[PDB]
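S.K.: Residue numbers (this note's numbering), protein chains in the order written: chain W, 1 to 51; chain H, 1001 to 1171; chain G, 2001 to 2084; chain P, 3001 to 3107; chain A, 4001 to 4168; chain S, 5001 to 5097; chain X, 6001 to 6519; chain Y, 7001 to 7229.
Every residue, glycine too, gets a C-beta built ideally from N, C-alpha and C.
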Amino acid sequence: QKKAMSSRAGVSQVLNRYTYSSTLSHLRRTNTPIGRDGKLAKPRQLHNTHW
Amino acid sequence: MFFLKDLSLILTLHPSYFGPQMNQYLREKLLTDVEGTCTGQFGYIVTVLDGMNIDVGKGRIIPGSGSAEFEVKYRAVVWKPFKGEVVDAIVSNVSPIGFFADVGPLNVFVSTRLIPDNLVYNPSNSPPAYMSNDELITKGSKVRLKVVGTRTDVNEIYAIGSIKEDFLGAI
Amino acid sequence: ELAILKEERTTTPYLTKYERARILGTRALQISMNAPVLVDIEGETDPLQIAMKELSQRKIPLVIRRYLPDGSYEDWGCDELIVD
Amino acid sequence: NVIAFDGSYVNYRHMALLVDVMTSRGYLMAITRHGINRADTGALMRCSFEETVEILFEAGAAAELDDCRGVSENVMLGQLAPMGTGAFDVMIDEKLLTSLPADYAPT
Amino acid sequence: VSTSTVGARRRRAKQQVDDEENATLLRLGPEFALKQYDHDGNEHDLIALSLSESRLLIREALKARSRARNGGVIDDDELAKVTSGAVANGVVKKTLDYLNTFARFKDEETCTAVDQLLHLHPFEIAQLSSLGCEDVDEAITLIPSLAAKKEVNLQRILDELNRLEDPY
Amino acid sequence: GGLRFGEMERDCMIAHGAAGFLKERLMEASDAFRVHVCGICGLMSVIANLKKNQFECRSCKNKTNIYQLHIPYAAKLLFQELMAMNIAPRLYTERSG
Amino acid sequence: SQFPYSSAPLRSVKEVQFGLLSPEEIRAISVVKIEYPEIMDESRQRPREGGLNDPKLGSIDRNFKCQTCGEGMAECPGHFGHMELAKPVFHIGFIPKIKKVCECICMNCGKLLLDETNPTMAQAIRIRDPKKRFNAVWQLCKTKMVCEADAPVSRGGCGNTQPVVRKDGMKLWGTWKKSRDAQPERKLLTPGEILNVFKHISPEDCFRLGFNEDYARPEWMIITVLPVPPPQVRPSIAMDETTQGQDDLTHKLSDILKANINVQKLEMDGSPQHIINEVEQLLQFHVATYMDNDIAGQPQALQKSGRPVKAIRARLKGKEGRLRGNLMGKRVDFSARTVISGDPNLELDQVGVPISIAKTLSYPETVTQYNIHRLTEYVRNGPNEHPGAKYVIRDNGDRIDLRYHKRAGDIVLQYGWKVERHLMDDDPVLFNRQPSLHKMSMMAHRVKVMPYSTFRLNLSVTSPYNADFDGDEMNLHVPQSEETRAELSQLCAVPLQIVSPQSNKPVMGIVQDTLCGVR
Amino acid sequence: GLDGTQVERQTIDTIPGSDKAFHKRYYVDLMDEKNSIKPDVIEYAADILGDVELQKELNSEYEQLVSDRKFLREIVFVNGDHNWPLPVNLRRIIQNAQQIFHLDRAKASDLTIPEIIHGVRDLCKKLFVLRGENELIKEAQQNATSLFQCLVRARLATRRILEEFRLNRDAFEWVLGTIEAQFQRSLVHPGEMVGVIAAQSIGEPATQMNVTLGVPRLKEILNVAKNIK
RNA sequence: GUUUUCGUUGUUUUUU
Ligand SMILES: [Mg+2]
Ligand SMILES: [Zn+2]
Ligand SMILES: [Zn+2]
Ligand SMILES: [Zn+2]
């Protein structure tokens, strides 16, 4: 908490039980924590390797 | 000294008060607001010369509850005392702290230290006044005094007299 | 230096839609403030229709101070500024 | 040509006004932050764009004066704008009020 | 409440002593300066009136207003009763009494004659006419503002004014 | 919650000639306070009391040349931080010319 | 109108004059001397008089009145104080300008390296703009190797060589090149020296250095006293419902003032040289954080929790700061936002308004001779249904909470009173969608009070909005004066936005079911 | 000085057309009946046949149209296009007159050519945009009304009047009055926020989307890149 | 007793 700056936010989040899948799929996310520092489409665009 | 001033006023008229003679209504409203009021910038408001021919300009409409501004402009004679005013006056009351001189809307106050040494109080003689060799300061008498005090007091500016210089007193 | 003479007025001899809205709102608000009525009323309980009827025959005691860019202005009586 | 690129149409006069304003001062004026801020009108606009503090430092250092003639001055002071309905001053007059019947006389 | 035709006069730093009114030093304040403009900016001088001329003007204005009110039809009190307000009535009666008790010239003819005669600063001549004097030494004792001009030209003025004085 | 009136809505209203409408949206539907400012210094530096009817500009000793202003409270905030940053934004009810 | 009576005439601001604030005028506005960092006088209400939360500076609650003006939040306009700095400091946005003014005049005689003698400087001073004339003054000062004691014929100059001025840390340092190069005596430019040289500056000099004598001063550019805001500006802000966390401004003011008192203590005590330096720099970056905690290259003042401390500079620049988020954008009343639905049987210039919206939203109709009957019907009808008054406004300003009023229907209307008539059918209302690109996205529709909680619209009017009924939220605004209703009806109506000025074409047409049908 | 709701695409008839076709559409021929006005449509063909005042009037109008042809085809509209947003829908006005006053059949004309010519010359002056008395005021008036006058001439020349739709007294007078009224209603309203109007009218198009066009070229324009990509 | 009293920082996810 002392080093509040330069800290990643969102790696842990409240589990959703709105629906059953709101948990299941919720338990199988992935994230790329690069940030909008430079917008780009490569972090957002689907790639053939994602097949 | 009587001074003629281009006295003016701003009127905020209630929206229901529109009509043909509206401007003339303004007149009386000005007449009921200009008089009976003093200010440091002008002084005692006493009269408005040519009050039947006052120009207000083309009246403007307030964008709102419906009121109207009126820049009522005119010419008036309003009296105002000045410091160093060495003018004959009539005394109104006599007090040990200093005799009162009702000179216009104000009342002249004479300080304890601005009374001549030959002026001594003799309350027994009627009316209460000041007597000396060829000197008689009574009601309705012409006594030359100098207004030396001028301070703005929003409602009336006071005048303080001085009888402590050469050729001052009763003519 | 302020008022452009009525003949010197070089701008439109017609009322403008902005002037339309201003005059209508002002007159209807006035009569809503129990100001004198310059027209007749049949069923126009809301003052806006009364102001509209006033504008129809242009019996409105207002005057438009159309400001010129240089700083001067043109004064146009309602009844002399043509309906538009 | 850019407007015609997609095939859509835009009125001539408005973007003509655009290009003339681009050129009415003899050179090319940009919509860049400093380019618009290089203007020397009431700071109340250029500062409100961005970097407000720097523009205020420049203006106070010059002790500038704002005439409250921009519409932004009107909106952030909450009064009638000098546009359209506010491009004039509609006034209660006297020449037409005289035509009223005498019963309408204010008391 | 009441505005004025004189504007501007914002917060400035170049200050001057001309802020306290003073008659003997010829001070009239920033409001009553040498170069003033009316509502329309017309060039005009400050109005100064002697007490007797002021009395005639106020009397004639009051009688004209009374006759206009009558619309077809001379005392100070009846004229003072023109306006509204008990305090207004009191102050107008008091100022009319001040005018009556301190009008060195009584009727229209002598006040008019001295009006053409007295008319170089208008205010100094106005206060010379207003301040009743008898001879030169009294005038110089009572007026410290006219000490030296290399041409007093005042003995004739006082002689004629005393010739126009009200006898009793 | 109230409807946050976006700036593009302001711009479209301006193009619509909605002066009074937008004004009351910013005057009656939004912040609106009246204050008493000086005519000499042209600041809000006036001890004000309506019931006492006293308005003294401690900055300029001004009492008679004091004017009432019915303007948005956000304008008051703006004037406040302008003062707080040692900047003097002298409001003037007149025209210097 | 609705405000309590005030003899002050109704006027608006016509001009705004900028510039700096003199310390003398700072006291001329300072309603009370502030020297105590400590705010709550005895931790038992009534905060410290003469402190940062001085009640004399203003009142903060409902019942209390500002001791200065005599009124509370109802009329309390906020009042300012002054805190005398123990030592003159720099203004965060003027250090470049400190370098500028130090590149133009003498370090001892305090006057311009030239005068209008040379044609370049004279023509530079003929420029009306202050900043431009002063920067040209710089541009011609750099054409001279030394602070000329004579013509490059003494100009009253000191003659010492102009130091090389550099923004060295928070303050500046001047490399004096005294009698090929002498010992470089770059030193802390103490603000006292700068005050001296500024006072040496003649009014003609400051004028030609681009300044106004009656207004913003290089002397004023040096801070000698700081302003203490009214408590209204940084009030007790609720950290938890009732428990108030002290305002960030209050925190920083306390820090600055405690540092200032430390500086005040630096003299009477034993101060072995560098202690004064450290305490003065401490106070200095505290003051800087008062203007700007975001000093570049510095770890910003930060809360013990870890978050950085804010400044006034932050809340004035950005995307939704003071100007952006409170002045050019701010919330309004008599406004509603709800779902949109299709109403094929509805007219184009009407929106199907829920009874909730048409009821909660209302227009103040003044009681007139023609609407007296219907307005009285509305008042007697009730505040919890339609049509009906929920507040009746007296012509003087008094209001009645009809719902809480046990005699709701017993309000006899006076000609001049105002009745908050509930929004009827055919009421013109501003109509707003986000985003709103074209001016045709603002359209004035007539309220049609009809059930369901959506906005019922025509199909054709949806196409210019380029919106659908997949859950879009739409905005309605109710006029509150006759001027506004007239303006809506004559300059913002649905029929008035049919034609796009863009492609000088209509914005609307027959679509969907109707188009397939007409085919 | 017109608002963006009162102009409409109008085709100036003079600008296109073979000079021979243009002649046999615009020029008259009284002496030779082969290309003359047919006597059926007019009550004054005998007066028309052999007259010179009418011939010289129609001539002056013809060279006026030729001058307009130069003005448009060489200066204003140069290469391929002759349809432009101009005010006052002349076409609908003409059709309205025809259907109000029953301009069908081949009845002879009680209205003479000088009436048309005087009316046109009057109305050319009656167009008011910039008011005032200074010479630059009327110069700007001419500048504003040049295209409209040229188009009206391209539509309302006496020859076309008679050979096609033979406007009668009432028809012609109401046509002139309606043209003047619509033109005077076609003026810009002072006070419009034309800057913001332009801003929206340009931005909204950009809110929908190898040569540099569209948003790229827009941005090169708006940032004022010193050289485009 | 007419009247009558809640807020923010930060965090995540969202909505045509
Ligand atoms: Mg949506
Ligand atoms: Zn002041
Ligand atoms: Zn207060
Ligand atoms: Zn020196």
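Does the region 6475 to 6491 of chain X touch the region 5009 to 5020 of chain S, meaning 3 or more C-beta pairs lie closer than 8 Å?
M.R.: yes
S.K.: Quick check: the region 6172 to 6188 of chain X against the region 3019 to 3028 of chain P, are there 3 or more CB pairs under 8 Å?
M.R.: Cβ pair count under 8 Å is below three, so no.
S.K.: So, does the CB of X:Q6490 fall closer than 9 Å to a CB anywhere in chain Y?
M.R.: Walking along the seventh sequence from the start, residue 6490 of chain X turns up at place 490. So no, X:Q6490 is outside the interface.
S.K.: Report the CB separation of X:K6258 from X:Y6290 in whole angstroms; it is logged as a contact under 8 Å.
M.R.: Position 258 of the seventh sequence, counting from 1, holds the residue named residue 6258 of chain X. Position 290 of the seventh sequence, counting from 1, holds the residue named residue 6290 of chain X. Contact between X:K6258 and X:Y6290 does not hold, since their C-beta atoms are separated by about 13 Å, which reaches or exceeds 8 Å.
S.K.: Go to Y:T7145, then tell me how far its alpha helix (DSSP H) extends in each direction, as first and last residue.
M.R.: Here residue 7145 of chain Y is taken as the residue at index 145 of the eighth sequence, counted from 1. That run of the alpha helix (DSSP H) goes 7135 to 7156.
S.K.: Jot down the residue ranges of each uninterrupted alpha helix (DSSP H) in the region 6322 to 6391 of chain X, minimum 4 residues, whole runs only, in chain order.
M.R.: 6355 to 6360, 6372 to 6381
S.K.: Quick one: is the Cβ of X:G6110 within less than 8 Å of any heavy atom of ligand 4?
M.R.: For this step, residue 6110 of chain X is matched to residue 110 along the seventh sequence. Yes, the Cβ of X:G6110 comes within 8 Å of a heavy atom of ligand 4.
S.K.: Please name the residue, chosen from X:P6163, X:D6343, X:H6373, that lies closest to X:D6513 on a Cα-to-Cα basis.
M.R.: Position 513 of the seventh sequence, counting from 1, holds the residue named residue 6513 of chain X. When each option's Cα is compared against that of X:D6513, the closest is X:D6343.
S.K.: Relative to the C-alpha of X:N6293, which residue among X:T6190, X:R6403, X:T6143, X:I6256 is closest?
M.R.: As a position in the seventh sequence, residue 6293 of chain X is number 293, starting the count at 1. Measuring from the Cα of X:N6293, the nearest candidate turns out to be X:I6256.
S.K.: Within 9 Å (strictly less), CB to CB, does S:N5053 reach chain X?
M.R.: Here residue 5053 of chain S corresponds to residue number 53 of the sixth sequence, with the count starting at 1. S:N5053 counts as touching chain X.
S.K.: Taking the straight line between their C-alpha atoms, what separation do you get for A:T4141 and H:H1014?
M.R.: Locating residue 4141 of chain A in the fifth sequence gives position 141, where the first residue counts as 1. Locating residue 1014 of chain H in the second sequence gives position 14, where the first residue counts as 1. Looking at the two C-alpha atoms, the distance is approximately 56 Å.
S.K.: When you compare the region 2031 to 2045 of chain G with the region 3009 to 3022 of chain P, are there three or more beta-carbon pairs, one atom per stretch, that lie closer than 8 Å?
M.R.: No, they do not touch.
S.K.: When you measure from the CB of X:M6107 to every non-hydrogen atom of ligand 6, does any distance come out below 8 Å?
M.R.: Because ligand 6 does not appear in the structure shown, any question about it cannot be addressed here, the ligands present being ligand 1, ligand 2, ligand 3 and ligand 4.
S.K.: Could you check whether the Cβ of X:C6104 sits closer than 8 Å to any heavy atom belonging to ligand 4?
M.R.: Taking the seventh sequence and counting its residues from 1, one reaches residue 6104 of chain X at position 104. Answer for X:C6104: no, Cβ out of range of ligand 4.
S.K.: Compare the C-beta of H:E1135 against all C-beta atoms of chain A and say whether one is closer than 9 Å.
M.R.: By one-based count along the second sequence, residue 1135 of chain H stands at place 135. Output row for H:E1135: interface = no.
S.K.: For a cutoff of 9 Å on Cβ pairs, would you count A:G4029 as touching chain S?
M.R.: Residue mapping note: residue 4029 of chain A aligns to position 29 of the fifth sequence, counting from 1. No, because no Cβ of chain S sits closer than 9 Å to the Cβ of A:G4029.
S.K.: Should H:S1092 be labelled buried (16 or more other beta-carbon atoms within 10 Å of its own) or exposed?
M.R.: Residue 1092 of chain H sits at position 92 when you count from the first residue of the second sequence. Here H:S1092 is exposed, its C-beta having fewer than 16 other C-beta atoms within 10 Å.
S.K.: Are at least three pairs of beta-carbons, each pair with one atom in the region 6415 to 6424 of chain X and one in the region 6359 to 6370 of chain X, less than 8 Å apart?
M.R.: yes
S.K.: Quick one: list the residues of chain G neighbouring Y:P7087, beta-carbon separation under 7 Å, in chain order.
M.R.: Counting from 1 along the eighth sequence, the entry for residue 7087 of chain Y is found at position 87. Residues of chain G passing the Cβ test: none, with the nearest at roughly 15 Å.
S.K.: Answer with yes or no whether the minimum CB distance from A:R4163 to chain H is below 9 Å.
M.R.: On the fifth sequence, position 163 is the one that residue 4163 of chain A refers to. A:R4163 does not count as touching chain H.
S.K.: Got a sec: does ligand 4 put a non-hydrogen atom nearer than 8 Å to the Cβ of X:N6160?
M.R.: One-based indexing of the seventh sequence puts residue 6160 of chain X at position 160. For X:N6160, the Cβ falls inside the 8 Å cut-off from some heavy atom of ligand 4.
S.K.: Which first and last residues belong to the beta strand (DSSP E) in which A:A4064 is found?
M.R.: Residue 4064 of chain A sits at position 64 when you count from the first residue of the fifth sequence. Segment 4051 to 4070 is the alpha helix (DSSP H) holding A:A4064; no beta strand (DSSP E) there.
S.K.: Using only the alpha-carbon positions, how far apart do Y:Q7208 and P:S3008 sit?
M.R.: In the eighth sequence, residue 7208 of chain Y corresponds to position 208, counting from 1. In the fourth sequence, residue 3008 of chain P corresponds to position 8, counting from 1. Rounded to whole angstroms, Y:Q7208 to P:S3008 spans 10 Å at the Cα level.
S.K.: I want to see whether chain S comes within less than 9 Å of X:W6176, judged by CB atoms only; does it?
M.R.: To locate residue 6176 of chain X, count along the seventh sequence from 1; it is residue 176. At a cut-off of 9 Å between beta carbons, X:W6176 makes no contact with chain S.
S.K.: Ignore the nearest five residues each way along the sequence and tell me which others in Y:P7016's own chain have a CB closer than 7 Å to its CB.
M.R.: Working through the eighth sequence from its first residue, we reach residue 7016 of chain Y at position 16. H7082.
S.K.: Note down the Cα distance separating G:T2016 from Y:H7189, rounded to an integer number of angstroms.
M.R.: Counting from one through the third sequence, the residue named residue 2016 of chain G turns up at place 16. Counting from one through the eighth sequence, the residue named residue 7189 of chain Y turns up at place 189. So the alpha carbons of these two residues sit roughly 6 Å apart.
S.K.: Please tell me whether P:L3097 has its Cβ less than 9 Å away from any Cβ of chain G.
M.R.: Taking the fourth sequence and counting its residues from 1, the one referred to as residue 3097 of chain P is at position 97. Yes, its Cβ sits closer than 9 Å to a Cβ of chain G.
S.K.: I want to verify the contact list: residues of chain Y whose CB lies under 7 Å from the CB of P:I3003, in sequence order.
M.R.: Against the fourth sequence, residue 3003 of chain P aligns to sequence position 3. Going along chain Y in sequence order, the residues near P:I3003 (Cβ under 7 Å) are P7205.
S.K.: Which word fits S:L5078, buried or exposed, when buried means at least 16 other C-beta atoms lie within 10 angstroms of its C-beta?
M.R.: Here the question's residue 5078 of chain S lines up with position 78 in the sixth sequence. Answer is buried; the Cβ neighbour count reaches 16.
S.K.: DSSP three-state label for X:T6224, please.
M.R.: Counting from 1 along the seventh sequence, the entry for residue 6224 of chain X is found at position 224. In the structure shown, the three-state DSSP call for X:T6224 is strand.
S.K.: Between which residues of its own chain and A:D4159 is the CB-CB distance below 6 Å, once the five residues before and five after are set aside?
M.R.: Mapped onto the fifth sequence, residue 4159 of chain A falls at position 159. Excluding sequence neighbours, A:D4159 sits near nothing in its chain.
S.K.: Can you say whether Y:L7090 is buried or exposed, counting buried as having 16 or more other CB atoms within 10 angstroms of its CB?
M.R.: Sequence index remark: in the eighth sequence, residue 7090 of chain Y carries index 90 (1-based). Buried, because 16 or more other Cβ atoms sit within 10 Å of the Cβ of Y:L7090.
S.K.: Between X:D6395 and X:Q6414, is the Cβ-Cβ spacing less than 9 Å?
M.R.: Looking up residue 6395 of chain X in the seventh sequence gives position 395. Looking up residue 6414 of chain X in the seventh sequence gives position 414. Cβ atoms of X:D6395 and X:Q6414: closer than 9 Å.
S.K.: Got a sec: which bits of the region 6300 to 6319 of chain X sit with their beta carbon under 7 Å from any beta carbon on chain W, in order along the chain?
M.R.: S6305, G6306, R6307
S.K.: Do you know how far the Cα of X:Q6002 is from the Cα of X:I6393?
M.R.: Numbered from its first residue, the seventh sequence carries residue 6393 of chain X at position 393. Numbered from its first residue, the seventh sequence carries residue 6002 of chain X at position 2. When rounded, the distance between both Cα atoms is 10 Å.
S.K.: Is the beta carbon of P:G3035 within less than 8 Å of some heavy atom of ligand 4?
M.R.: Residue mapping note: residue 3035 of chain P aligns to position 35 of the fourth sequence, counting from 1. Not so, every heavy atom of ligand 4 lies at least 8 Å from the Cβ.
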